[PDB]
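Per-entry structural report
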Amino acid sequence: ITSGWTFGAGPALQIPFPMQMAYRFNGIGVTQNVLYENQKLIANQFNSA
Amino acid sequence: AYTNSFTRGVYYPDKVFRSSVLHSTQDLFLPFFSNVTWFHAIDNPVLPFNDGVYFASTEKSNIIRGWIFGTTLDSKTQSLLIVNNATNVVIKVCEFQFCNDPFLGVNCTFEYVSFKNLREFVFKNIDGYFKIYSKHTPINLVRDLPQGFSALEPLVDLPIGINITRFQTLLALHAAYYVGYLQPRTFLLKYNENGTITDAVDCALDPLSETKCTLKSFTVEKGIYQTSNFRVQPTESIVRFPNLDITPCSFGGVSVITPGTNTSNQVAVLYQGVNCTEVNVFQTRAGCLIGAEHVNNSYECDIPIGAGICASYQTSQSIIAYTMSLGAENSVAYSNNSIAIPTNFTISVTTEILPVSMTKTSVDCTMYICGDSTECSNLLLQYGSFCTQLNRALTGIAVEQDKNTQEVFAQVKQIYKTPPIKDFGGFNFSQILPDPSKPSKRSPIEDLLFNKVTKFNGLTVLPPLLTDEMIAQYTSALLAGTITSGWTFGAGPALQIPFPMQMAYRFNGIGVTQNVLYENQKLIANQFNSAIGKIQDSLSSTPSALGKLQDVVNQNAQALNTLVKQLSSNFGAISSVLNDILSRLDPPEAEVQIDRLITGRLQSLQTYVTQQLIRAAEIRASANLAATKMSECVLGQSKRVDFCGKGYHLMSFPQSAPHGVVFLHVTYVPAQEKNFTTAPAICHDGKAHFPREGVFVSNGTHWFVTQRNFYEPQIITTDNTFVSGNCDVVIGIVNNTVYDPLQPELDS
């Protein structure tokens, strides 16, 4: 949770959670701004889930 | 506690010429704690007796001259009474008029008629005969006799055993006694071919010797073992039988912890499941310990004992107990405006070992069970073809082995070769490259592996079909194709692409700009060469890699030895030699002896094939995994996390091993990091801006953009940014300006 996947092969590097989530979303093939424009609703959905 | 005829006192039970082989024999021998003083008659005369002397010192005599005695100081029993003419003797329990005090001058047969020359004697009255053994060396000092390891070699004798009195090996040419303290147990011997051999070993000096005899070996290796189960002493029966509740007594194994023999010899003992209150003392949950203490400092596990506690040879080094330690703790600073970035890299080399196959054997059921006896056959045929179906199954697994080998190493269609010029842009691949100068065509690391890595009763071994030579040919061809053509040849025809842009492609595969390689070529080459050198040295130094292969080799050898040994038992039969069997004792109980033979080989050879079959299942899963790794990580590049080495994989080369395979992984690792600050977005002209790739950072007075695996600031333009939406909805935008790249062309 603290360092994403960075620590898996080297020294851990701090990085904000929303930026990590944006990296994940770009990984799946969606532009990053979508996360920013809906982050509150996404967090609500995640808590409900 | 050793003061010698040395570890003689092992007499030779018979003349059977065992040679260079282990065998432990239980016989009549002598107990511990033999001490004695020197007295007056109101410095070693006749000893506490049996036949000779004790266990450690040095001498050489020319001393003894005279005698008037009895060997038991009686002369009614066998005295050292010399009316024995050295060719014929007299020994008299033969009843003559005995004088109660002996004298000296100025029927009881040897021909057959009335000693540091360590000739043992004979008065072992198994039905009344007489004889002598013989060996030789002398006494001029405290005790002695010499050293070796085995019994000697056979020429002429007539053996029945001994009854004289002074425990042996004897004292002569080429007040009260003194002897030492010896433990009686079995005695292991090793009759070398040349016959320069004297000694043996005991089993219960201490748990060290207990392991020594339990493992049936001498070079006890570092580890933990359990000897014969220590039944908790049932001093008396239970008061429960006829003529509030009662619970039976416990029991448990006795465990021994020890370092290597050459390392040291001090040993501790572990008791399993027992309570010390109910039996140095170290009370623990596991049980009782000696030499161990609750020590504040801790380490990782080195010699595991169990129950969440591990012991090691530690403070010099001694057997101590410590609580488990996982590792150091760490934490990081996470904030809404924090970020870390690396700046430097490095190159690493790792290895990997896997088994590939196992040897093939065969067994001839009919002769193994019958000994090639017509009577045995015409009795045995009534049962069935179970042995034949066993042979069928064995043949099936034998062919399956070669099937697996061919499957794993049949992934190439065409062979290649390297050009005579080895100009490879500074890279020195001569290490893993085969050398024609050697008698074989293997690389020096393969040669180092080959040097470092080092029956007639119907048993047969089937040689395989593939040889080391063309296995090496296959490996060399694969390496040459890989280096010459990259990964293109794995999908179609051969295409030539040089190494520099080959590695440029590899770097680009992991999101790294290709100019980095061109701007660091010499550094990367030097790092690679140093890594190759250090892996040569590491593999030349550490010998602990080959354990996986050694395990299966020793497993098969042990199984074969066990099945061979099990034949020699009697299973209740009067004899084990079939010829004497049918000559004397018929098959009312030779039919039960062949029944127990066939059923004992049902378990033992169905389990030959059964643990060899579970072993085949394990080796087949291993071969499947090996082929998968071959194809995925050798013919291409894998995006899987930690599937092949640690880090970001770049290159892979396979190497051949006896019944195994060797891999080298080349990975990329970041080295140096620095702190920075970042923000999500920028609002220059009231409009939101986002990075096309990378991330936005600031040095404090300026703002830049760079990739996510290497630090390289860049000026913010519209080439790497795009517009989407206004600046109100987003959170954390900044009031910075983006430089317009079209204006300095428009003004010009």
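Residues numbered from 1 in each chain as written, not as in the entry; some residues may be left out. Chains lettered and ligands numbered in written order. Part of a larger assembly, values for the part shown. Heavy atoms only, no water.

This deposited entry lists cryo-EM as its structure determination method and 3.83 Å as its resolution.

1. Overview of the overall build of chain A
Put simply, the rule is: Each helix is a run of DSSP H or I of at least 4 residues and each strand a run of E of at least 2, with the numbering of both proceeding from the N terminus. Remark: exposure states derive from per-residue accessible area (1.4 Å probe, protein chains only) relative to the maximum for the residue type, with buried under 20%, exposed over 50%, and partly exposed in between. In short, Shrake-Rupley with a 1.4 Å probe defines the accessible areas, and a residue's cover is counted only from the protein chains shown.
Within chain A, the secondary structure is distributed over three helices and zero strands. Helices (α) and strands (β) of chain A occur, in sequence order from the N terminus, as α-α-α. When the backbone C-alpha atoms are referred to their principal axes, chain A occupies close to 35 × 25 × 15 Å. The proportion of buried residues among the 49 residues of chain A is 24%. For chain A, the accessible area works out to roughly 3300 Å², and carbon and sulfur atoms hold 65% of it.

2. Here's the deal with the UniProt feature "disulfide bond" in chain B
Residue and element names in this part refer to chain B. Stated formally: Criterion for a disulfide: a pair of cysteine sulfur atoms within 2.5 Å. UniProt positions are given in the numbering used here, feature names are shortened, and annotations may be inferred rather than shown by experiment.
A sulfur-sulfur distance of 2.0 Å is found for the UniProt-listed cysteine pair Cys-365 and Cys-387, consistent with formation of the disulfide (criterion: under 2.5 Å). With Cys-365 in helix α2 (residues 365-370) and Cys-387 in helix α4 (residues 386-408), the pair connects residues that are 22 residues apart, well separated along the chain. Only sulfur pairs under 2.5 Å apart are read as disulfides, and the UniProt pair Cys-633 and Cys-644, at 2.0 Å, is one of them here. With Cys-633 in helix α12 (residues 591-634) and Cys-644 in the loop between α12 and β15 (648-657), the pair connects residues that are eleven residues apart, well separated along the chain. Comparing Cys-633 with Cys-644, the two get one shared label, buried.

3. Section: the pairing of strand β17 (residues 673-678) of chain B
All names here are of chain B. Which entries qualify depends on this criterion: Whether two strands pair comes down to DSSP finding at least two bridges between them.
Of the pairings in the sheet, the one linking strand β11 (residues 339-342) to β17 comprises four bridges and is antiparallel in character. Looking across to β17, one finds that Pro-342 is bridged to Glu-673. Judged from the two bridges that link them, β17 and strand β20 (residues 695-698) form a sheet pairing that is antiparallel. Considered in β20, the bridge of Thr-678 is made with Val-697.

4. What to know about helix α5 (residues 444-452) of chain B
What counts is decided by this rule: We call two residues contacting when some pair of their heavy atoms lies within 4.5 Å.
Within the span of α5(B), buried status applies to B:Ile445, B:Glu446, B:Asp447 and B:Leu449. The inward-facing, buried residues of α5(B) abut α6 (468-485), α9 (521-541), β15 and β16 (660-670) of chain B.

5. A word on the packing of α4(B) against α12(B)
All names here are of chain B. Stated precisely, the cut-off is as follows: Geometry is summarised by axes, namely lines fitted to C-alpha atoms with helices restricted to the contacting stretch, and by angles between N-to-C directions that run from 0 to 180 degrees. Note that the term roughly parallel is reserved for angles under 35 degrees, roughly antiparallel for angles over 145, roughly perpendicular for angles of 65 to 115, and oblique for everything else. In this count, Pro and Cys sit with the nonpolar residues alongside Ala, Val, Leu, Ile, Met, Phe, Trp and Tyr, while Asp, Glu, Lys and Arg are called charged and the others, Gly among them, polar.
At their nearest, the axes of α4 and α12 sit 10 Å apart, and the two run at 10° to each other. One element, α4, and the other, α12, form an angle in the roughly parallel class. Packed against α4, whose contacting residues are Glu-400, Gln-401, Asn-404 and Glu-407, the element α12 presents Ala-616, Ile-619, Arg-620, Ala-623, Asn-624 and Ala-627 at the interface. Looking at the contact of α4 with α12, its residues break down into four nonpolar, three polar and three charged.

6. A short note on the pairing of strand β10 (residues 318-323) of chain B
All names here are of chain B. A large share of β10 lies buried, amounting to five of its six residues. Two elements, strand β9 (residues 309-314) and β10, share six bridges in a ladder whose sense is antiparallel. In the sheet register, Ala-311 faces β10, and the bridge partner there is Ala-321.

7. Details of the interface of chain B and chain A
Formally: Two parts placed together each lose some accessible area; with a 1.4 Å probe, that loss summed over both constitutes the buried area. When a carboxyl oxygen of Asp or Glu lies within 4 Å of a side-chain nitrogen of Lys or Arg, that pair is called a salt bridge. In protein, a polar contact requires one atom able to donate a hydrogen and another able to accept it; more generally it is a pair of N or O atoms within 3.5 Å, and residues adjacent in sequence count only if both atoms are side-chain atoms.
Residue-level contacts link 25 residues of chain B with 18 residues of chain A. Carbon and sulfur atoms make up 64% of the area that chain B and chain A hide from each other, which totals about 1700 Å². At the junction of chain B with chain A, the criterion picks out zero salt bridges. In this structure, the connection of chain B to chain A is made through two residue pairs in polar contact.

8. A look at the environment of B:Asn570
Residues and elements named next belong to chain B. Structurally, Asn-570 can be placed in the loop between α10 (547-566) and α11 (578-584). Each C-alpha atom, one on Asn-570 and one on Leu-597, is 9.2 Å from the other, the two residues being 27 residues apart in sequence. Here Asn-570 is in contact with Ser-575 and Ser-576, once residues within four sequence places are set aside. Here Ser-576 takes part through its backbone nitrogen, which lies 3.1 Å from a polar atom of the side chain of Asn-570.

9. Details of a nonpolar patch on the surface
Residue and element names in this part refer to chain A. Note the cut-off: Surface patches are drawn from residues lacking salt bridges whose relative accessible area is over 30%; two like charges belong together within 9 Å, two nonpolar side chains (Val, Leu, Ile, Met, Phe, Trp, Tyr) within 5 Å.
Side chains of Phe-25, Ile-28, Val-30 and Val-34 sit close together on the surface and give an oily, nonpolar patch of about 320 Å² of accessible area. With respect to the helices and strands, the residue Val-34 is situated in helix α2 (residues 33-37). Using a relative accessible area of 31% as the deciding quantity, one classes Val-34 as partly exposed.

10. Considering the packing of aromatic side chains
Residues and elements named next belong to chain B. This is how it is decided: Each pair of aromatic rings taken from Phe, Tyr and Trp, with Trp reduced to its six-membered ring, is defined by centres within 6.5 Å and is described as stacked if the planes are under 30 degrees apart, edge-to-face if over 60, and tilted in the remaining cases. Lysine NZ or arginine CZ positioned within 6 Å of the ring centre and within 35 degrees of the ring normal marks a charge as sitting over the ring.
This structure, assessed with the given rule, holds 25 aromatic pairs over all chains. Taking the centre distance of 5.0 Å and the plane angle of 90° together, the rings of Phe-149 and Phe-218 count as edge-to-face. Put simply, the rings of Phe-424, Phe-427, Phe-429, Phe-499 and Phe-528 touch in pairs and so form one group of aromatic residues. Between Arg-119 and the ring centre of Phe-115, over which it is positioned, the NZ or CZ distance is 4.2 Å.

11. Overview of the sheet that holds strand β21 (residues 703-706) of chain B
Residues and elements named next belong to chain B. As summarised here, the arrangement of the four strands in space is β11-β17-β20-β21, forming an open sheet in which the pairing is antiparallel. Since the sheet does not close on itself, it has two edges, and those belong to β11 and β21, each with one partner. Strand-to-strand twist of the sheet, defined as the mean angle between neighbouring strand axes without regard to direction, takes the value 55°.

12. So, the sheet that holds β15(B)
Residues and elements named next belong to chain B. The three strands are arranged β12-β16-β15 in an open sheet whose pairing can be described as antiparallel. Only two strands of the sheet have a single neighbouring strand rather than two, namely β12 (345-355) and β15. For this sheet, the mean inter-axis angle between neighbouring strands, taken without regard to orientation, is 20°. The sheet contact formed by β15 and β16 spans nine bridges and is antiparallel. Within β16, the residue paired with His-649 across the bridge is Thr-667.

13. Observations concerning the state of the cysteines
All names here are of chain B. Tallied over the full model, the rule gives eight disulfides over all chains. At a sulfur-sulfur separation of 2.0 Å, the disulfide partner of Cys-301 is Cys-310. Classification of the bridge connecting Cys-301 and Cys-310 rests on its S-S torsion, roughly -80°, and on that basis the disulfide is left-handed. Take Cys-310: its relative accessible area is 7%, and that puts it in the buried class. Here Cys-365 connects covalently by a disulfide to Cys-387, the sulfurs 2.0 Å from one another. No disulfide involves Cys-99; its nearest neighbouring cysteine sulfur is the one of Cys-94, lying 15 Å away. Classification of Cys-99 as partly exposed rests on a relative accessible area of 46%.

14. So, the pattern of salt bridges
All names here are of chain B. Following the criterion strictly, the structure yields twelve salt bridges over all chains and no others. Notably, a salt bridge pairs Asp-402 with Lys-360, separated by 2.8 Å at the nearest N-O pair. Of the two residues, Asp-402 is situated in helix α4 and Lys-360 in the loop between β12 and β13 (361-363); the sequence distance between them amounts to 42 residues. Through salt bridges with shared partners, a single network forms among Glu-59, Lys-116 and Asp-144.

15. Details of the packing of α10(B) against α12(B)
Residues and elements named next belong to chain B. Running from N to C, α10 and α12 point in directions that differ by 175°, and their axes come no closer than 11 Å. Between α10 and α12, the interaxial angle falls into the category roughly antiparallel. Only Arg-601, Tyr-608 and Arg-615 of α12 make contact with α10, whose side of the interface consists of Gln-555, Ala-559, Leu-560, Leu-563 and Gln-566. Here the contact of α10 with α12 is built from residues that sort into four nonpolar, two polar and two charged.

16. Considerations on the environment of B:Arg596
Residues and elements named next belong to chain B. Tracing the backbone shows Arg-596 in helix α12. Residue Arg-596 is classed as partly exposed on the basis of its relative accessible area, which comes to 35%. Dropping the residues within four chain positions of it, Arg-596 is found in contact with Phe-571, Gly-572 and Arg-601. Looking at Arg-596, its side chain comes within polar contact range of the main-chain oxygen of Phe-571, at 2.5 Å.

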